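Input: a single structure, listed below in C-alpha cells.
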Amino acid sequence: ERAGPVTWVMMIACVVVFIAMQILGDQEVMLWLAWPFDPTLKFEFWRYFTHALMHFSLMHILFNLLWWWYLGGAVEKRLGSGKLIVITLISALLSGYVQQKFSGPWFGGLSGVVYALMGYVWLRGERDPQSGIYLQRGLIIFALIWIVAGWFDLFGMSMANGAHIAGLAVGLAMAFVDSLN
Amino acid sequence: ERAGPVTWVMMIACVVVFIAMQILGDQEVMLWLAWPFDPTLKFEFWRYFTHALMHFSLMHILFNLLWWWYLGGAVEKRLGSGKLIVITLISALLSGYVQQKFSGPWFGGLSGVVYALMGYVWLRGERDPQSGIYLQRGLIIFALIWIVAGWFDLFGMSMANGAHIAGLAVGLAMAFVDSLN
Amino acid sequence: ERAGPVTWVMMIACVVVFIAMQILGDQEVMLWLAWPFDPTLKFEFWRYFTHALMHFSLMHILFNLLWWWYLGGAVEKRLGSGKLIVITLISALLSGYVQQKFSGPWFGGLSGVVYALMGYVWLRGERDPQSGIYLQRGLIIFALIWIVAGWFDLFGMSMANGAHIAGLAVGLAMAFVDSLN
Amino acid sequence: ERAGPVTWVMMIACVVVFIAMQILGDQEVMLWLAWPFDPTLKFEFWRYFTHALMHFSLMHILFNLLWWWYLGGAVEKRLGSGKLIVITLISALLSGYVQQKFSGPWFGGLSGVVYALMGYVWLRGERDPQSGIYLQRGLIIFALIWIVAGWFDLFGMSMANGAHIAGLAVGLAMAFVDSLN
Amino acid sequence: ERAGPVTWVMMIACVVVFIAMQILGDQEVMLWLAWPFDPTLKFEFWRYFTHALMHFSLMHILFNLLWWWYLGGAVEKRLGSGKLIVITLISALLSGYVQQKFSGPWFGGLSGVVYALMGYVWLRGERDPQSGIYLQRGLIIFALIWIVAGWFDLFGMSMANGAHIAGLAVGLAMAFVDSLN
Amino acid sequence: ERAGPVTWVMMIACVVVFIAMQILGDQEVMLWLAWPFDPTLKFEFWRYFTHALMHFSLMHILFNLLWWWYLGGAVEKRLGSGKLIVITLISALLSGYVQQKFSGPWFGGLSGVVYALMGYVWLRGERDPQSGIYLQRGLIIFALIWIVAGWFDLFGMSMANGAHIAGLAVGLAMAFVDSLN
Amino acid sequence: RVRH
Amino acid sequence: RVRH
Amino acid sequence: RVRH
Amino acid sequence: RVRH
Amino acid sequence: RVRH
Amino acid sequence: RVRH
Ligand SMILES: CCCCCCCCCO[C@@H]1O[C@H](CO)[C@@H](O)[C@H](O)[C@H]1O
Ligand SMILES: CCCCCCCCCO[C@@H]1O[C@H](CO)[C@@H](O)[C@H](O)[C@H]1O
Ligand SMILES: CCCCCCCCCO[C@@H]1O[C@H](CO)[C@@H](O)[C@H](O)[C@H]1O
Ligand SMILES: CCCCCCCCCO[C@@H]1O[C@H](CO)[C@@H](O)[C@H](O)[C@H]1O
Ligand SMILES: CCCCCCCCCO[C@@H]1O[C@H](CO)[C@@H](O)[C@H](O)[C@H]1O
Ligand SMILES: CCCCCCCCCO[C@@H]1O[C@H](CO)[C@@H](O)[C@H](O)[C@H]1O
Ligand SMILES: [Cl-]
Ligand SMILES: [Cl-]
Ligand SMILES: [Cl-]
Ligand SMILES: [Cl-]
Ligand SMILES: [Cl-]
Ligand SMILES: [Cl-]
Ligand SMILES: [Cl-]
Ligand SMILES: [Cl-]
Ligand SMILES: [Cl-]
Ligand SMILES: [Cl-]
Ligand SMILES: [Cl-]
Ligand SMILES: [Cl-]
C-alpha cells in the first residue's frame with residue numbers, strides 16, 4: 001500500500017534539504033553538505049554521503065525522487081529496510097568517490113543511488129527470480145532511456161558522469177553478489 | 001474504476017477553454033473569462049470563478065489537470081460530488097480574490113483549487129482518518145515539492161502567488177472544519 | 001501484469017535506434033532509416049515504416065514510448081498481438097505518406113502510430129464496448145490535450161502535421177471498420 | 001554627431017511605454033494602446049498607431065530600437081524630420097491594418113516601421129543615389145537576414161507576419177514614389 | 001584610436017578569470033575571489049573588489065565588457081586613468097557591500113561598476129558639459145533599457161539587485177561631487 | 001567606406017544558402033553542400049569548401065557574418081582581395097578536414113574561416129606592424145572570449161571543435177609565413 | 001504578461 | 001499570447 | 001531541421 | 001545559485 | 001544533430 | 001557550475 005520507512009525518510013530528507021537550499025541559497029548548503037573540498041573537512045564523515053541529498057532544480061529533484069520512490073520502495077518491500085540502507089550507503093559513497101576523482105567535489109543528487117537501484121533491481125530479477133524482486137519490462141525501457149540520457153548528456157544539465165557509471169556498476173555488483181547461493 | 005462527474009466536467013471544461021484559447025487566441029478568451037478588470041464587469045459573476053479554467057501552455061494545463069484528476073477524483077469518490085463542488089467554488093473565489101489584490105486581474109489556472117485540494121486531502125486524512133480519505137505518503141512528498149516550487153518560483157513561469165497561498169489556506173481551513181465532530 | 005511481445009519489441013527497437021543515433025549521430029541513422037529521399041531508394045521497402053523508429057531528443061522518445069506502452073499494451077492484451085501489428089503497419093505507412101507529401105522526407109517518430117492508437121482505442125470503446133477495450137475517461141482528456149498540442153504546435157518542436165492527421169484518421173477508420181458486426 | 005528630434009522622441013516614447021508595461025503590467029498597457037479590439041474603441045484614433053510603441057521583452061525592444069536608431073537617424077539626417085514622421089505614420093497605420101486583418105488586434109512593436117525603413121532606405125539609395133541616403137552593403141546583408149528571420153519565424157517569438165509584409169511594402173512604395181523626378 | 005591601460009587591464013583580468021572559471025570550475029574560483037563568506041576571510045582584502053571579475057556565462061561576460069569598454073574607455077580618454085581607477089574601486093566596494101547585505105556573498109560581475117559608469121558619464125555630461133564627457137543620446141536610451149532590465153529582472157538570470165542600485169547611486173554621487181566648481 | 005568584393009560575395013552567398021535552407025529545408029541543402037559523406041561524392045570538389053556556407057539558426061549566421069564582415073573587410077582593405085580569397089580557401093578546406101576526422105561530415109558554418117581570420121589579423125599585426133593590419137585591443141578581448149566560448153562549449157549549440165582548432169592554427173600559420181621578410 |  |  |  |  |  |  002505505501003513506501004516503507006527508509007524510502008520515506010530519504011524523500012523527506014531530500015525535500016528538507018531542497019527547502020534549505022531555496023531559503024538559505026544553494027552555495028551555503030553546498031558548503032555544509034558537499035564532498036570534502038578542502039583538507040580541513042576530510043573527517044566530516046557525513047560529506048561522503050550527503051552530496052546525494054542536494055538537488056538544483058525542480059526537474060532534478062522530481063525525477064530523482066520519482067525513481068527512488070519506485071525502486072527504493074520495491075527493494076524495501078521485497079528485501080527489507082536494511083537492504084535498502086546498505087545499497088544506499090555503498091552507492092552514495094562509491095559514486096561520490098568516482099565523481100570527485102573525474103571532476104572535483106561540486107556535484108549533487110540522488111542519481112548515483114538511483115542508477116545503482118536500476119542495475120540492482122534489474123539484475124537481481126534476472127539472476128535470482130526467487131528473490132521476489134524484478135524490473136517490469138516497461139520500466140526496463142525507461143530505465144534504459146534514463147541511462148542513455150545520463151551517458152549522452154540529454155538532460156540539458158551538466159552530468160555527474162563518474163557518479164553515474166560508478167552507481168550503475170555498484171548496483172550490478174551487489175545484485176551479482178546477492179544472487180549467489 | 002473512473003473519475004466521477006465533477007472531476008470529469010472540470011477536465012472537459014478546461015480542455016474546451018484551452019481549445020478556444022488556441023483557436024481564438026488567449027487575450028480574446030481572457031476578455032470573456034478573467035476576474036473583472038473594469039468596474040463595468042463587476043456583476044458578470046462567472047468571472048469570479050472562470051479564471052480557474054484558463055491555461056497558458058501545454059505544461060500549465062497538463063500538470064494542473066494531472067493533480068486535479070488525482071485529488072479531485074479522490075475527494076469525489078470518498079466524500080461525494082457535492083463536496084468537490086463546494087471546495088472548488090470556495091477555493092476558486094478566494095484564491096482569485098487574493099491574487100487580484102496582490103497583482104491585479106491578469107491570471108489564470110486551476111492551481112488555487114489544486115493547492116486547496118492538496119491541503120484539504122492531506123489534513124483531512126491526518127485529522128479525520130475515519131473519513132476514508134488521505135494523501136498517500138509518496139504523494140505528500142510530491143505535493144510538498146509542488147508547494148515549494150510555486151512558492152520559490154521554480155516552474156519557469158510567472159506565479160500567481162496570492163492564489164497559491166489563499167488556495168492552500170482554504171483547503172486546510174475546510175479540512176479543519178470538516179474534521180470537527 | 002506486463003507488456004506483450006509486440007509492445008515490447010517496438011520499445012526495444014526504438015531504444016536500439018535511439019542508442020545508434022547517439023553513437024553514430026542522427027544524420028547517419030536518418031540516411032539508413034528515413035522515408036526514401038532519392039529515387040534510388042524507392043525499393044528499400046523498410047523505409048516506408050522505419051521513420052517511426054527514430055526519435056530526436058529525450059522528451060521526444062519518452063513521451064512517444066509512454067503512450068505506446070499504455071495504448072499498444074492495451075490493444076495487445078485485449079485484441080491480441082496480430083491486431084497491434086496491423087494497426088502499427090497501416091498507421092506507420094499512411095502517416096509517412098501524408099507527411100512526406102506535405103513536407104518531404106525528413107521526419108521521424110512513433111507519433112503517427114500513437115495518434116492512430118488514441119483514435120482507435122477511444123472509438124472502438126465507444127462503438128463496440130463488448131470488445132473489452134476502451135480509453136478511460138481521464139486518459140481521454142490527456143489524449144485530447146496531446147492532440148491539441150500536436151495540432152497547435154505547443155511542444156516546442158517542429159511538428160509532423162501530416163503524420164499526425166493521417167495517423168489519427170487511420171486509427172478512427174480502423175475502429176469504425178472493426179466495430180461493424 | 002547625434003540622433004535628431006524625431007529619432008529621439010520615438011526612442012524615449014518606446015522606453016516610457018516599456019517602463020509602464022513593467023510597472024503596470026503588459027495587459028493593462030495593451031488595453032490603453034492596442035489597435036481597437038472592440039467597436040466602442042473605433043474613434044480612439046491613437047490606437048491605429050500606438051501598437052508600434054509596445055514591446056514585450058528585452059530582446060524585442062533592444063533590436064527594434066537599434067534598427068530604428070540607425071535607419072530613422074539616417075532618414076532624419078539626410079531627408080529631414082518631416083520625412084521620418086510621414087514614413088512612421090504611414091507604416092504604423094498600414095502595418096497595423098494588415099496585421100489585424102490576418103490575426104486580430106493583439107500585437108505590438110516598432111518592426112512594421114523598421115521593415116518600412118529597411119525597404120525605404122535601400123530602395124531610395126538604389127533608385128535615387130543623389131538623395132544622399134543609402135543602405136551600406138554590410139547592413140543590406142543584416143537587413144536581409146532580419147527579413148528572412150521575420151518571415152520564417154526564426155526569432156523564437158510569435159511574429160506579426162501581416163505587419164512585416166505590409167511595412168516592407170510601404171517602405172518600398174514610398175521610396176519608389178520619392179525617387180520619381 | 002584605442003582603449004587606455006585601465007580599460008584594457010580590466011578586460012584582460014576579466015577574461016583571465018573567466019578562463020580560470022572554465023578550466024578550474026566556477027565554485028573553485030568563487031572560493032578564492034568571492035566577497036568574504038566566512039569570518040576567517042575578513043582580512044583577505046582583495047575579496048571586497050574581486051567579485052567584480054567573475055562572470056558566469058558568455059552573455060554575462062560579453063555584455064558587461066561591452067559596456068565597460070565603451071564607458072570606461074570614454075572616462076579614461078576624457079578624464080584620465082586615475083579617475084577610472086577610483087570610480088572602479090568605489091563602485092566595486094560599495095556595490096558588493098549592498099549586495100551582500102540584501103542577499104549574501106554569492107554574486108559576481110562587473111555590472112555594479114558598469115551601472116556606476118552609466119550614471120557617472122550621463123550626469124557629469126549633464127551637469128558639467130565642459131568636462132568633455134557625455135553619454136550620447138542613443139546610448140542614453142540603451143543604458144536606460146539596461147537599467148530597466150536589471151531592475152525588473154528581464155535578463156533571464158538571477159540579478160544582484162543590491163549591487164545594481166548601489167552602483168548607479170555611486171556613479172551619480174561621484175558625478176555630482178565632480179561637477180562642483 | 002565599404003566592404004570589398006570578396007567580403008561582400010561571401011556574405012551574399014551565405015544569405016542565399018540560408019534562404020535556400022529555409023525554403024527547401026536544411027537536410028536537403030546539406031545533401032548538396034556538405035563535406036562528402038559517401039565515397040560516391042569524393043570528386044564533387046565544391047563540398048570540401050561549401051560546408052562553410054551553411055548556417056543553422058539566426059544567431060549562427062548573424063555572429064559568423066558579423067565577424068567575417070569586420071575581419072574579412074579589414075584583410076581585403078589592407079592586404080587585398082586575393083589575400084582574403086586564399087585565407088578563405090585554406091581555412092575552409094583544412095578546418096573541414098579536421099572536423100570530419102574528429103566527428104564526421106555533418107557540420108557547417110563560416111567559423112573555421114572566422115577563427116582563422118582572428119588568428120591571422122592578430123598575429124600579422126603583432127609580428128608585422130608595417131603590413132597596416134592589426135586587431136584593435138578591444139576586439140582582441142572579444143575574439144578571445146569567442147575562442148573560449150567555442151572551446152568550452154558556451155554557445156548553447158553543438159560545436160565543430162576540429163574546425164575551430166584547425167582554423168585558428170591555419171590563420172596563425174599563415175600570419176607567421178606572411179610576416180617573414 | 002500573465003500570472004500562472 | 002501576443003504577436004511581435 | 002527535422003519534423004517530429 | 002549565483003546572482004549576476 | 002549538426003555541429004556548428 | 002555544478003554537476004547533477
Ligand atoms: C531529516 C533531515 C535531514 C537533513 C540532512 C541532514 C544532514 C546531516 C549532516 O549534518 C551533520 O550531522 C552530524 C551528525 O552525524 C553532526 O555532528 C554535524 O555537526 C552536522 O553538520
Ligand atoms: C463545458 C464548457 C465550459 C466552457 C466554459 C464556460 C464559461 C461560462 C461563462 O459564460 C457565461 O455564462 C453565463 C451563464 O451563467 C451567461 O449568462 C454569459 O452570457 C456567459 O458569458
Ligand atoms: C531490434 C532492432 C531493431 C533495429 C531497427 C531495424 C531496422 C531494419 C531495417 O534494416 C534493413 O533490414 C532489411 C531486412 O528486411 C535488410 O535487407 C536491409 O539490408 C537493412 O538495411
Ligand atoms: C513621451 C511619452 C509617450 C507615451 C505614449 C503616449 C500615448 C498617447 C495616447 O494617449 C492618448 O492621447 C490622447 C491625445 O491625443 C488623449 O486624448 C487620450 O486621452 C490618451 O489616452
Ligand atoms: C591580470 C590577472 C588578474 C587575475 C585576478 C587577480 C586576483 C587577485 C587576488 O589574488 C590575491 O592577490 C594578493 C595580492 O594583493 C595575494 O596576496 C593573494 O595571495 C592572492 O590570492
Ligand atoms: C552566390 C550564390 C552562392 C550559392 C552557393 C553555390 C554553391 C556552389 C556548388 O554547386 C556546384 O557548383 C559546380 C560548379 O563549380 C557545379 O558543377 C555543380 O553542379 C554544382 O552543384
Ligand atoms: Cl507511498
Ligand atoms: Cl563528470
Ligand atoms: Cl478516469
Ligand atoms: Cl502574485
Ligand atoms: Cl510492462
Ligand atoms: Cl508538416
Ligand atoms: Cl545618438
Ligand atoms: Cl500574423
Ligand atoms: Cl580598443
Ligand atoms: Cl539581490
Ligand atoms: Cl559595408
Ligand atoms: Cl567536434
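Chain labels follow the order of the C-alpha cells: the first chain is A, the next B, and so on; residue numbering restarts at 1 in every chain, and ligands are counted from 1 in their shown order.
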May I have the residues within 7 Å of ligand 6, computed using only C-alpha atoms and all ligand atoms, as a list in words? residues 9, 12, 13, 16, 17, 32, 33, 46 and 50 of chain F
Within-12 Å residues of ligand 3, basis only C-alpha atoms and all ligand atoms, as an MDAnalysis selection string: chainID C and resid 6 8:21 29:35 41 43:54
How would you write, as an MDAnalysis selection string, the set of residues no farther than 7 Å from ligand 12 when counting only C-alpha atoms and all ligand atoms? chainID C and resid 99 102:103 159:162
Report as JSON lines: every residue of region 21-114 of chain D with an atom at most 9 Å from chain H, its closest pair of atoms, and their distance in Å to one decimal, counting only C-alpha atoms, with rows sorted by chain and ascending residue number.
{"residue": "D:55", "atom": "CA", "partner": "H:4", "partner_atom": "CA", "distance": 7.7}
{"residue": "D:56", "atom": "CA", "partner": "H:4", "partner_atom": "CA", "distance": 7.7}
{"residue": "D:60", "atom": "CA", "partner": "H:4", "partner_atom": "CA", "distance": 7.7}
{"residue": "D:103", "atom": "CA", "partner": "H:3", "partner_atom": "CA", "distance": 8.6}
{"residue": "D:106", "atom": "CA", "partner": "H:2", "partner_atom": "CA", "distance": 5.4}
{"residue": "D:107", "atom": "CA", "partner": "H:3", "partner_atom": "CA", "distance": 4.5}
{"residue": "D:108", "atom": "CA", "partner": "H:4", "partner_atom": "CA", "distance": 5.6}
{"residue": "D:109", "atom": "CA", "partner": "H:4", "partner_atom": "CA", "distance": 6.1}
{"residue": "D:110", "atom": "CA", "partner": "H:4", "partner_atom": "CA", "distance": 8.9}
{"residue": "D:111", "atom": "CA", "partner": "H:4", "partner_atom": "CA", "distance": 8.1}
Compute the set of protein, DNA and RNA residues whose minimum atom distance to ligand 11 is at most 12 Å, using only C-alpha atoms and all ligand atoms, and state it as a count of residues only. 30
Please measure the separation of CA of residue 119 (chain F) and CA of residue 172 (chain F), giving the value in Å to one decimal.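 Those two atoms sit 4.9 Å apart.
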Surrounding residues of residue 156 (chain C) excluding itself and chain neighbours under 3 positions, 10 Å, only C-alpha atoms, as a compact mmCIF listing (two decimals) with N, CA and C atoms, in the first residue's frame:
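Contents of around25.txt, freshly written:
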# COMPACT_ATOMS: atom_id res chain seq x y z
N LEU B 58 1.06 24.08 -22.74
CA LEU B 58 0.90 22.68 -22.51
C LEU B 58 1.28 22.20 -21.09
N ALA C 149 -2.10 19.81 -28.63
CA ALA C 149 -0.71 20.27 -28.60
C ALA C 149 0.04 19.96 -29.92
N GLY C 150 -0.22 18.78 -30.49
CA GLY C 150 0.38 18.49 -31.82
C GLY C 150 -0.16 19.45 -32.86
N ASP C 153 0.96 23.16 -32.31
CA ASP C 153 2.39 23.40 -32.21
C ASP C 153 2.84 23.86 -30.79
N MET C 159 6.65 20.11 -35.88
CA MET C 159 5.63 19.03 -35.88
C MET C 159 5.46 18.40 -37.25
N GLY D 156 12.29 32.99 -32.32
CA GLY D 156 11.82 32.37 -31.08
C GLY D 156 10.65 33.13 -30.41
Between CA of residue 97 (chain E) and CA of residue 170 (chain E), what distance in Å does the model show, to one decimal?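 Distance between the two atoms: 12.1 Å.
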Please report as a list in words which residues of chain D come no farther than 10 Å from chain B, using only C-alpha atoms.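 Listed by rising number, the hits are residues 24, 25, 26, 27, 28, 37, 103, 104, 105 and 106 of chain D.
CA of residue 143 (chain B) is positioned 9.5 Å from CA of residue 122 (chain B).
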